[PDB]
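*Asks:* let me start by giving you these chains from the complex, positioned as in the assembled structure:
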Amino acid sequence: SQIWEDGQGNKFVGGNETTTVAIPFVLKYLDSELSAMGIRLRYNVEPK
Amino acid sequence: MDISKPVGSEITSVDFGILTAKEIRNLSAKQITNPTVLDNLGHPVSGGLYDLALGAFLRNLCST
Amino acid sequence: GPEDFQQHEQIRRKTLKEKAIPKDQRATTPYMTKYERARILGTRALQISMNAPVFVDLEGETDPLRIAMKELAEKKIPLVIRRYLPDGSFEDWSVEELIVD
Amino acid sequence: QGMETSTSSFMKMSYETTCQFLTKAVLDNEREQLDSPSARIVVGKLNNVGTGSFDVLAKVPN
Amino acid sequence: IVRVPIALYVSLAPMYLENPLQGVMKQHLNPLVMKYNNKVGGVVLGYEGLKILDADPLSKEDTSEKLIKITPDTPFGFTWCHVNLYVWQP
């Protein structure tokens, strides 16, 4: 039951290990601008 | 900020890396092919820069 | 599976207790610093505002920060100031054990 | 030039020459622990100076 | 029909700082009964022996007054918990 679909219906299984933090939105925009540079940021969640 | 919406997780640290071309296509939602931002009828084309894949544009549900 | 998590939890707890400085040899200032006082008052005010029990009798008051100052006056705030050290060690001082001003 | 040697790269990136301090950071894979105030702001975490110097714990009596 | 121990990271509301065990029960353990849980395997019929970790590790387990870490932005407190859950394995 670990599967989920898309809006295009192309379903696939993926890790549900996702969380909810409190961040500025400008952080998300900066991460996009960093993807445009080929640079990834790894944010480590304190509780795992 | 609402003080009745507690957050459990925190960003304890961050690290800088490179986004390899393999994982980009792994994490991608759609490839962009044709430079058709908005055709006639004032709408985006399928598979274009302003695709419905890359988000919900105007009064259109996001295709992803 | 669960063996991996148990190992992680054990290591985290080991580091935690390696960082907890025992009461016998905590050598930080006996008085409560102004920052500690301000934050203790603020958090106690938040708790009272969110319906946490109050250990003093209001004089018909309605300002949660005033209520917190009342409890701090009567030494009835159940909070602990974890004075973190630069290395990561810490001492737990209770507000009761701390003298204001 | 006087702040080349520093654990936190966010402070320098926010200071100036963002590109030169970001390429230098990503080549060295420099993980920063979010200790400088500027890095705390960028991530959005409570600062360390002042009333961030400590933590507050409850005492539940049951 | 098996019993599964669980490590839990739950949020304790300020209104329950006199019976934190009951508070954790009512906030999280009661809404986890008779529902298929994606972790333990399936449904839960009940639980017993709830135990709460402590934010001050020096305090030996022979105690009732445990510390709870408090969120900087919020009166809610977070801590780890232990509890045996009775599931009905599919």
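*Replies:* Now that the structure is in, tell me what you want to look at. Residues are numbered from 1 along each chain as shown, chains lettered A, B, ... in the order given.
*Asks:* wait, residue E:82 touches residue E:54, no?
*Replies:* No. Judged on Cβ atoms under 8 Å, residue E:82 makes no contact with residue E:54 at a distance of 11.4 Å. Yep, even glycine has a C-beta here, placed from its N, CA and C like the rest.
*Asks:* who has more neighbours, the two?
*Replies:* The neighbour count for residue E:82 versus residue E:54, taken as other Cβ atoms under 10 Å in any protein chain shown, is higher for residue E:54 (20 against 13).
*Asks:* return the residues of chain E in contact with chain B.
*Replies:* E:9, E:11, E:71, E:73-76, E:78 (Cβ under 8 Å from any Cβ of the partner chain).
*Asks:* I meant to write chain C there.
*Replies:* C:46, C:50.
*Asks:* quick one: which of the residues of chain E next to chain B is most hemmed in?
*Replies:* That'd be residue E:75 among the residues of chain E next to chain B, by other Cβ under 10 Å, with 26 neighbours.
*Asks:* in a helix, it, correct?
*Replies:* No. Under DSSP: H, G, I helix; E, B strand; the rest coil, residue E:75 falls outside any helix and is assigned coil.
*Asks:* in this structure it contacts residue E:14, no?
*Replies:* Yes. Here residue E:75 reaches residue E:14: they are 4.4 Å apart, a contact under Cβ under 8 Å.
*Asks:* now for the nearest residue in space to residue E:39 that is not next to it in sequence: which residues touch it?
*Replies:* Spatially, and ignoring its direct neighbours in sequence, residue E:39 is nearest to residue E:6 (7.8 Å; Cβ to Cβ, 6 or more residues apart in numbering or on different chains). Residues in contact with residue E:6, defined by Cβ atoms under 8 Å, 6 or more residues apart in numbering or on different chains, are E:39-40, E:82-85.
*Asks:* mind checking which of the residues you listed are buried?
*Replies:* E:40, E:83, E:85 (16 or more other Cβ atoms under 10 Å in any protein chain shown).
*Asks:* here is chain F, add it in:
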Amino acid sequence: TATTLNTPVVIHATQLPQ
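*Replies:* Adding chain F to what we have so far:
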């Protein structure tokens, strides 16, 4: 629904089914 006030942040099993 299913926020931090109903569901735990993270569930972990410490032992295989007892």
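*Asks:* same question on the contacts of residue E:6, but with chain F included?
*Replies:* Residues counted as contacts of residue E:6 (Cβ under 8 Å, 6+ apart) are E:39-40, E:82-85, F:11-14.
*Asks:* which neighbours in the sheet does the helix or strand containing it have, and how are they oriented?
*Replies:* Here residue E:6, judged by DSSP states H and E, is contained in strand E:2-12. With DSSP bridges as the test, strand E:2-12 is paired with strand E:77-87 (antiparallel), strand F:10-13 (antiparallel).
*Asks:* out of the contacts of residue E:6, which comes closest to chain B?
*Replies:* Chain B lies nearest to residue F:11 out of those, by Cβ to the nearest Cβ, at 12.1 Å.
*Asks:* give the contact list for the closest one.
*Replies:* E:6-8, E:37, E:39-40.
*Asks:* show me the beta-bridge partners of the residue sitting nearest the centre point of chain E.
*Replies:* Centroid-nearest residue in chain E: residue E:81, 4.4 Å away (criterion: Cα atoms, centre = their mean). Beta-bridge partners for residue E:81, by DSSP bridges, are residue E:8, residue E:52.
*Asks:* for chain D, what spans make up the helices?
*Replies:* D:9-15, D:18-27, D:37-43 (DSSP state H).
*Asks:* in chain B, what residue comes closest to chain D?
*Replies:* Taking Cβ to the nearest Cβ, chain B has residue B:15 as its residue nearest chain D, at 3.6 Å.
*Asks:* would you confirm that that residue contacts residue D:30?
*Replies:* Yes. Applying Cβ under 8 Å, one finds residue B:15 in contact with residue D:30, separated by 7.5 Å.
*Asks:* more neighbours: which of the two?
*Replies:* residue B:15 (16 against 13).
*Asks:* and the residue of chain F closest to chain B?
*Replies:* For chain F, Cβ to the nearest Cβ, closest residue to chain B: residue F:9, 3.5 Å.
*Asks:* report the spatially nearest residue to that residue, omitting neighbours in sequence.
*Replies:* Among residues not flanking residue F:9 along the chain, residue B:8 sits closest, at 3.5 Å (Cβ to Cβ, 6+ apart).
*Asks:* one more, chain G:
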Amino acid sequence: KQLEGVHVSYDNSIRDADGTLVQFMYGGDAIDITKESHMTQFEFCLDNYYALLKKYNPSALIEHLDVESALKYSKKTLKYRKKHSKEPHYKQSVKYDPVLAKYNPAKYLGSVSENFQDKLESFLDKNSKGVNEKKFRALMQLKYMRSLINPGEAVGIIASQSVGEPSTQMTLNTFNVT
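*Replies:* This next block brings in chain G, placed alongside the chains you saw above:
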């Protein structure tokens, strides 16, 4: 930008945000400037002795402290410093260090600066004046213990401001050396 992390730690040593140490003592005495004004104003302190005593309240501030060892070591150090100090700085030897090095000044009454103690001794020597000199010295030492910079004080931000903000009052350049 670079001083924004420097702050006073619970060990009383000032140090950058990551952990690197900058100074072991804020200024060498760990006293707060917003509280340092009347420390050397011994005449004022003497004249207001009773009010100052009621504000400091040693009754509720003497169970949690140690008020013997710091005073003993300070007396020994002052005796040694009196013996020497007719000699050059490169010729002296640290048999005894400053008192603030050993004892935490916020926890040990009498562990004070090396110049504050000397000036207080000169005052109590050059004018004898009815409250006993012992109580006045005890009050001055509790005042010093209370005039200490709190851990967490953004000394870096405060110093950056203190060097920059007064510099706007000198950027007029009227009348060789820069």
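*Asks:* again for the contacts of residue E:6, since chain G is there now?
*Replies:* Here residue E:6 is in contact with E:39-40, E:82-85, F:11-14 (Cβ under 8 Å, 6+ apart).
*Asks:* which one of those residues is nearest to residue A:5?
*Replies:* Nearest to residue A:5 among the contacts of residue E:6: residue E:39, at 22.1 Å, using Cβ to Cβ.
*Asks:* now do the same contact list for that closest one.
*Replies:* Contacts of residue E:39 by Cβ under 8 Å, 6+ apart are E:6, F:11-13.
*Asks:* check residue D:28 too.
*Replies:* Residue D:28 neighbours (Cβ under 8 Å, 6+ apart): residue B:16.
*Asks:* circling back to that earlier point, off-centre distance for the strand holding residue E:6?
*Replies:* The chain centre lies 5 Å from the centre of strand E:2-12; the measure is Cα atoms, centre = their mean, to the nearest Å.
*Asks:* helix/strand/coil for residue B:13?
*Replies:* Of the three states, residue B:13 takes strand under three-state DSSP.
*Asks:* same check, this time on residue B:17
*Replies:* Once three-state DSSP is applied, residue B:17 turns out strand.
*Asks:* around it, count how many other residues there are.
*Replies:* For residue B:17, using other Cβ under 10 Å, the count is 12.
*Asks:* can you check residue C:32 too?
*Replies:* Residues lying near residue C:32 (other Cβ under 10 Å) number 19.
*Asks:* surely residue B:52 touches residue B:58?
*Replies:* No. Using Cβ under 8 Å, residue B:52 is not in contact with residue B:58; the gap is 10.0 Å.
*Asks:* comparing those two, which shows the higher neighbour count?
*Replies:* Between residue B:52 and residue B:58, counted using other Cβ under 10 Å, the more crowded position is residue B:52 (22 against 9).
*Asks:* tell me which element that one falls in.
*Replies:* Per DSSP H and E, residue B:52 falls between elements, in no helix or strand.
*Asks:* any residues of chain F in contact with chain E? List them.
*Replies:* Counting by Cβ under 8 Å from any Cβ, chain F sits next to chain E at F:4-15, F:17-18.
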